[PDB]
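Asker: Got a structure for you, written out below as structure tokens; questions coming shortly.
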Ligand SMILES: [Ca+2]
Ligand SMILES: [Ca+2]
Ligand SMILES: [Ca+2]
Ligand SMILES: [Ca+2]
Ligand SMILES: [Zn+2]
């Protein structure tokens, strides 16, 4: 919409008060003119057709129960944009300030959220397995990384190449979650997963085998389900990348953590400079080893920790 930029006030999925950038033209639309070519949040209106109608509001207050997912999708979209712009100096996902569009209230009881090659899609969840999936900041940032990966490494979405893609979106989903400092942790989607149960999550980068994901390359999934298990073998790279940031010993292999910021630096450079559409885990190791060398030197500790954490997960 061509209209006046403004700030609206609304409530998130988890009930937190927020301020959302909106654009006023007769209605208040959930359109952010402050970042890039615009951040747009649509109402799918419980249907599959996308993107739907740009979210409209008569009074610029978004405290309705129906608005709760839209506010989180529009607000956390601006957060993940801020991370890539401030932490990696990348303007939107294509590097050219591309417009960011999300569609909330997707389908009915849909327990998933995904980047379909063009925009963000958020189901509302059935209320038991999931609540509205835009509520978790790591959920938004994760699927937003898929937009980033599409324009850089372009890792195909099957086998190990897809498992790296999934893990890349998990790392940068957690790193954005730490960027907002919004009760951060190394789990995946604990905010919108099983509201009746507490202390559980969809995945775990610290403990992937806590929910049955392989934490070692020997334990990887080699079948054909889940497009070769790209959501399954993401636990190997998650365990690798988390040891990079934090350290510790995995299967008798010690790793000296270099912190979140250096890990976030290493994988992004590897993502946009060295990784290819058909990269496998070993090629990822060479890319992460090569990227740390550029940023820190071959004789530096950051290269050493990358070599150690990949040895810990058995990636050679
Ligand atoms: Ca309203
Ligand atoms: Ca949290
Ligand atoms: Ca999380
Ligand atoms: Ca839970
Ligand atoms: Zn994903």
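Numbers in chain A come straight from Swiss-Prot, and the residues shown are 233-548, in order.
Method of determination (from the header): electron crystallography, 2.5 Å.
Including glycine, each Cβ sits where the backbone N, Cα and C put it.
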Asker: Record says 374, 378 bind Zn(2+). Source is Swiss-Prot. Which of 398, 419 does it list for that same site?
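Answerer: The one candidate that Swiss-Prot places in that Zn(2+) site: 398.
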Asker: Taking the Cβ of residue 463 (active site, proton donor) as centre, how many other Cβ atoms lie within 10 Å?
Answerer: 19
Asker: Give the distance between the Cα atoms of residue 375 (active site) and residue 398 (Zn(2+) binding site), rounded to the nearest whole Å.
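Answerer: Cα of residue 375 (active site) to Cα of residue 398 (Zn(2+) binding site) measures 9 Å after rounding.
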Asker: Looking only at DSSP and grouping its letters into three states, which state does residue 370 (Ca(2+) 2 binding site) belong to?
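Answerer: Residue 370 (Ca(2+) 2 binding site) sits in a helix per DSSP.
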Asker: Do you see any of the recorded positions 289, 291, 293, 398, 432, 463 whose C-alpha is within 10 Å of residue 422 (Ca(2+) 2 binding site), and which ones?
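Answerer: Taking 289, 291, 293, 398, 432, 463 one by one, the ones whose Cα falls within 10 Å of residue 422 (Ca(2+) 2 binding site) are 432.
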Asker: Do any of 289, 293, 463 (recorded positions) have a CA within 10 A of residue 419 (Ca(2+) 2 binding site), and if so which?
Answerer: none
